[PDB]
*Asks:* 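Sharing a structure with you now.
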Protein chains: 2
Amino acid sequence: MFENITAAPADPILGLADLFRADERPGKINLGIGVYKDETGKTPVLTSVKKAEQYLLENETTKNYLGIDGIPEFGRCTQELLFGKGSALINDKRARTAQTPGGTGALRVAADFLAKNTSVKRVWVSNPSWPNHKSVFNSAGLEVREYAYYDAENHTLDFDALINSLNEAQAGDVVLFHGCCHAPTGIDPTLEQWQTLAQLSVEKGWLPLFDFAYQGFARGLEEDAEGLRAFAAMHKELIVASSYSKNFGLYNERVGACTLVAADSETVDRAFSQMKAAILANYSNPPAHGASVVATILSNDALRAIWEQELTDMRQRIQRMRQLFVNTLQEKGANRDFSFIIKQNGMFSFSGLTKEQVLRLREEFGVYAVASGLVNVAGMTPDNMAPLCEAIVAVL
Amino acid sequence: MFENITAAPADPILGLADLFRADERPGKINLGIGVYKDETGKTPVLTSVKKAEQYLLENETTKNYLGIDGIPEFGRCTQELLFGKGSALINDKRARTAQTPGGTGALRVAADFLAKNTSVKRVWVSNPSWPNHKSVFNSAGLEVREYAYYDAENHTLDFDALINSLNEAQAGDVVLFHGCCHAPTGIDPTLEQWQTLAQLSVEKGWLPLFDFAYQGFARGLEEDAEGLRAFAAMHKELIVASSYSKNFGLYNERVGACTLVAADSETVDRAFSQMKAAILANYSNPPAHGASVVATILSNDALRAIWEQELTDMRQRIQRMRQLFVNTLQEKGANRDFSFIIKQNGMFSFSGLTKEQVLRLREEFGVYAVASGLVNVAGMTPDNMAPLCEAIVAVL
Ligand SMILES: *Cc1c(COP(=O)(O)O)cnc(C)c1O
Ligand SMILES: *Cc1c(COP(=O)(O)O)cnc(C)c1O
């Protein structure tokens, strides 16, 4: 009974992918990638995780099932990462972490637990946000409304429009925040704006849900967590879905976590058991290899030092490319003020190009970008920067 | 808003697990395990998969995302395994395989695709069946009804009761079949009964869904697939959810597949895209490591030969333990006819013990079994067999 099944829509970036690797003209640059690439245009496996994998290969004696919530060093290590090494949330044990199939997995499992065990009906997502947000919440039956965020004109956070649309949210609604490196704009709240949002969130009764996929990409591990940390000193309950796909280069091993924080130990345990019921009814218990690698890097001082250096080198490469982009455009010369690029954090930002301009970029030059003008800065190299900027100057 | 959350029910086997590893009296035998154990009571990682993992460690250059459906050798290898190396289904390409987070993952993703894209409302599951079946289908909004299967008295397949309850199923209902080694009874249809079921299934318009977790444990790889194969020569459409957790000893790496078969190439592609939409909204794209290991063993003749020997040794160990169990009980002596144990396939079977007897087994002897009298034959060793049988004889 499958003949009247309508084909699923062409996926936003995976379409571009197929179109690109069909254009036989190799001056082509794909900036619509979604993954990190180094100066060589390669997405390598990190040295710390290969050292990790050799260790595991030498020491694993069984592939027997992990518990519903995954390996128990993993969840003490990401909540130390998230909340700080001596957080009251950890000492009073009101946080529980379930290891999930990446950050998307963490969001579907939070959405199913919420849909089955609480009275939430709406989730507020930023306009724009990472596109797969709507699908995950909708599939668990939650409805997505969106709140204002990006100011197209100044290319900044329209904070007043943000605070103003978020008042049609009632008490008991969930509001999704990107912890650092907002996808897709790269504009983040400043710590002071985070603190007002945290204060407004208690007054209004929002359930905060942090999507935290880029820890370490804006400024550093601790610094990037201070927004979330302003929101867990103020609130009895919150959920954070984190990913290790990007900061560990472990994309395909699916490594993420769903952390539940509640008022005290008794209620977080009673709620976490229902979150465990949600995992049993989906994939039963999580993938060992990627989370195992993360646990031994983060618990070993020597391996952790290496990973931290490797993550800082990624972060700096992105910051150098954003810088090189802005002034190589100023050398190729056009009426521009692309300096907002320097102000945004992470791999993505809107270039400000129109869809007709990204179309003739693709068609006439072989530069591939997402139709919204979204560009991934990690697809730029010292070598492809000059043809890239010539192409952009020529279409402006 | 978590304080009135009711704790999730005590999990059927994981409870026994905690109770067992709290009984400080080491003549204790846990037969309620659910996993394979060798003669040493260990669940080892196979030699073929460690050889596999060394190869992958030496040759992987990226952990970049797999496509929604996973690695493309994996899905040609399990549908060759499932349908036979030159099946018409494969040559006419009407089957598509998505690599999923184990066999449970394959069932949730089949359930979500069905619930969102077709008009199914009921799934028929055997009484008894693997317990997590109800939860997976219920969470996607499908309702579970059950069909008769096990005859408690003769300890056999009550085939007529089976065919008779399955007539309240209407056209468009899904009926779940265990491909071989029925969990939890170990009684399988004979090929002739499979063929009548296949013929009755077309006449009535059932969507067959095969749960195939034990390939290679009843008789051998090809032999164990002939039931499913009687049901894919007769039917335009079916879904099979397979697992690699047990036959590859890869439990915690989550390795499974959801294969969709439709009337022809065009419709299976159009349906498969919606199945891909279901993955995007859940965990996005699957775990590479376990499926990667399975792909290189199954594609390498030398590694595949080793795995096949290793799987036959598991199968034979279980068959020898079922045999040793029945006659060591006949040596310890009681009014019994435990010979039905020899007739059942796989790791599980109902011992026929009452819940009061399994209770005094636990309490007075330290032998742990599931309250229904369910016993896992792979928890028996040549060494623990004699105290085990004494304990059972003493409670009969
Ligand atoms: C990458 C990302 C995720 C999910 O990552 P996984 O690959 O599923 O671990 C979630 N939210 C945002 C904003 C992301 O960028
Ligand atoms: C083991 C099993 C599954 C699922 O196995 P995974 O560990 O999730 O791969 C599904 N059905 C039956 C009958 C099983 O025994």
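Chain letters run A, B, ... following the sequence lines, proteins first, then strands; residues in each count from 1. The figures here come from the full heavy-atom set of this structure, side chains too, leaving out hydrogens, waters and symmetry mates.
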*Asks:* Please confirm whether the backbone N or O of B:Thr267 pairs with a side-chain atom of A:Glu3, one donor and one acceptor, at under 3.5 Å?
*Replies:*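 No, because the side chain of A:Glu3 does not come within donor-acceptor range (under 3.5 Å) of the backbone of B:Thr267.
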
*Asks:* Around atom CD of B:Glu143, are there more than 12 heavy atoms from other residues, nucleotides or ligands closer than 6.0 Å?
*Replies:*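 Enclosed: over 12 neighbouring heavy atoms sit under 6.0 Å from CD of B:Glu143.
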
*Asks:* Side chain, backbone, both or neither: which part of A:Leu46 has a non-hydrogen atom closer than 4.5 Å to chain B?
*Replies:*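 Neither part; nothing is under 4.5 Å.
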
*Asks:* Using a 3.5 Å distance criterion without hydrogens, assess whether the side chain of A:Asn252 forms a donor-acceptor pair with backbone atoms of B:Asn64.
*Replies:*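 At least one qualifying donor-acceptor pair exists.
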
*Asks:* Salt bridge check: are A:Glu53 and B:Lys63 linked by an N-O gap of less than 4.0 Å?
*Replies:*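 Looking at A:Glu53 and B:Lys63, the cut-off is met.
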
*Asks:* Between B:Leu56 and chain A, with a heavy-atom cut-off of 4.5 Å, which part of the residue counts as in contact: side chain, backbone, both or neither?
*Replies:*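 The answer is the backbone of B:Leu56.
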
*Asks:* Taking every non-hydrogen pair under 4.5 Å, which of B:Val35, B:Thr104, B:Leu250 racks up the most with chain A?
*Replies:*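 Highest number of heavy-atom pairs under 4.5 Å: B:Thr104.
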
*Asks:* Is A:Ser245 close to chain B through its backbone or its side chain, or both, or neither, when contacts mean heavy atoms under 4.5 Å?
*Replies:*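 Interface part for A:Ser245: side chain.
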
*Asks:* With only heavy atoms counted, which part of A:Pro9 is less than 4.5 Å from chain B, the side chain, the backbone, both or neither?
*Replies:*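 For A:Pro9, neither part sits under 4.5 Å from chain B.
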
*Asks:* Count the heavy-atom pairs under 4.5 Å between each of A:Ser135, A:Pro287, A:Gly103 and chain B, then report the option with the highest count.
*Replies:*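 That would be A:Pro287.
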
*Asks:* Where on B:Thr61 is there a heavy atom nearer than 4.5 Å to chain A: the side chain, the backbone, both, or neither?
*Replies:*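 For B:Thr61, the contact with chain A is made by the backbone alone.
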
*Asks:* Please identify, among A:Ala140, A:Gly102, A:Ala263, A:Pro286, the residue contributing the most non-hydrogen atom pairs under 4.5 Å to chain B.
*Replies:*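 Answer, by heavy-atom pair count under 4.5 Å with chain B: A:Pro286.
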
*Asks:* Please list, chain by chain and in numerical order, all residues satisfying salt bridge (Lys or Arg N to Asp or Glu O under 4.0 Å) with A:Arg96, sequence neighbours excluded.
*Replies:*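 Scan of A:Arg96 (salt bridge (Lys or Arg N to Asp or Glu O under 4.0 Å), adjacent residues dropped) gives A:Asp269.
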
*Asks:* Just wondering, do B:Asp11 and A:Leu280 contact through their side chains at under 4.5 Å, heavy atoms?
*Replies:*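 Side chain of A:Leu280 against side chain of B:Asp11, heavy atoms only: contact under 4.5 Å found.
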
*Asks:* Given heavy-atom pairs under 4.5 angstrom as the criterion, report whether the side chain, backbone, both or neither of A:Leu57 touches chain B.
*Replies:*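 Interface part for A:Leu57: both.
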
*Asks:* Centre-to-centre under 6.0 Å for B:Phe2 and A:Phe113, is that the case here?
*Replies:*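 Distance test on ring centres: under 6.0 Å, yes.
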
*Asks:* Assess, by modelled atom type and distance only, whether the side chains of B:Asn282 and A:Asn282 contain a donor and an acceptor separated by less than 3.5 Å.
*Replies:*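 Checked: B:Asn282/A:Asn282 side chains pair up, N/O donor to acceptor below 3.5 Å.
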
*Asks:* Report yes or no: does A:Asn117 contribute a side-chain atom to a donor-acceptor pair with the main-chain N or O of B:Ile5 at less than 3.5 Å?
*Replies:*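 The answer is no, because no donor-acceptor pair under 3.5 Å joins these two groups.
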
*Asks:* If you tally heavy-atom pairs under 4.5 Å against chain B, which of A:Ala277, A:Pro44, A:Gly249 wins?
*Replies:*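 If we count pairs closer than 4.5 Å to chain B, A:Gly249 comes out on top.
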
*Asks:* For the interface with chain B, which of A:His289, A:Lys236, A:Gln274, A:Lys50 has the highest count of heavy-atom pairs at distances below 4.5 Å?
*Replies:*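 So the answer, after comparing A:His289, A:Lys236, A:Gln274, A:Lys50, is A:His289.
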
*Asks:* If I compare all heavy atoms of B:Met1 with all of A:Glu237, which pair ends up nearest, and what's the gap?
*Replies:*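 What the structure gives for the nearest pair is N-OE1, 2.6 Å.
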
*Asks:* When you measure from the side chain of A:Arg108 to the backbone of B:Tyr283, do you find a donor-acceptor pair of N or O atoms at a distance under 3.5 Å?
*Replies:*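 No: the side chain of A:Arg108 does not pair with the backbone of B:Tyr283.
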
*Asks:* Please determine, among B:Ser119, B:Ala281, B:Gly105, the option with the most heavy-atom pairs under 4.5 Å with chain A.
*Replies:*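 Between B:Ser119, B:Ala281, B:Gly105, the count favours B:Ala281.
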
*Asks:* One pair to check against side chain to side chain contact (heavy atoms under 4.5 Å, CB included): B:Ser284 and A:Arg254. What are the steps and the verdict?
*Replies:* CA-CA 9 Å; B:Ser284 197; A:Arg254 283 0 305 271; 3.3 Å; yes

*Asks:* Can you confirm whether B:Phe20 is buried at CZ, in the sense that more than 12 heavy atoms of other residues, nucleotides or ligands lie under 6.0 Å from that atom?
*Replies:*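 Yes, enclosed.
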
*Asks:* Taking every heavy-atom pair that is under 4.5 Å apart, which of B:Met275, B:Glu253, B:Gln54 has the most such pairs with chain A?
*Replies:*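 Ranked by contacts with chain A, first place is B:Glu253.
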
*Asks:* Name the region of A:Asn132, side chain, backbone, both or neither, that has any atom closer than 4.5 Å to a heavy atom of chain B.
*Replies:*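 When you check distances to chain B, only side chain atoms of A:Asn132 fall under 4.5 Å.
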
*Asks:* Could you grab the distance from atom CG of A:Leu66 to atom OH of B:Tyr251, nearest 0.5 Å is fine?
*Replies:*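 Those atoms lie 13.5 Å apart.
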
*Asks:* If you count heavy-atom pairs within less than 4.5 Å of chain B, which of A:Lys42, A:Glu60, A:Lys276 leads?
*Replies:*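 Going by pairs under 4.5 Å, I would pick A:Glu60.
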
*Asks:* Non-hydrogen atoms of chain B under 4.5 Å away: do they reach the side chain of A:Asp264, the backbone, both or neither?
*Replies:*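 It is neither, since no heavy atom gets under 4.5 Å.
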
*Asks:* My understanding is that only residues two or more places apart in sequence, or in another chain, count here; which of them pass salt bridge (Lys or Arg N to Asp or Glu O under 4.0 Å) with A:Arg270?
*Replies:*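 Testing A:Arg270 for salt bridge (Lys or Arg N to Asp or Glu O under 4.0 Å), a comparison that skips the adjacent residues, returns A:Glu266.
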
*Asks:* Are the side chain of A:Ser273 and the backbone of B:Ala8 linked by a donor-acceptor contact shorter than 3.5 Å?
*Replies:*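 Yes, the answer is positive, given that a donor and an acceptor are paired below the 3.5 Å cut-off.
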
*Asks:* Quick one: what part of A:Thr43 sits under 4.5 Å from any heavy atom of chain B, side chain, backbone, both or neither?
*Replies:*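 Both backbone and side chain.
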
*Asks:* Give, as side chain, backbone, both or neither, the part of A:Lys37 having an atom under 4.5 angstrom from any heavy atom of chain B.
*Replies:*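 Interface part for A:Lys37: neither.
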
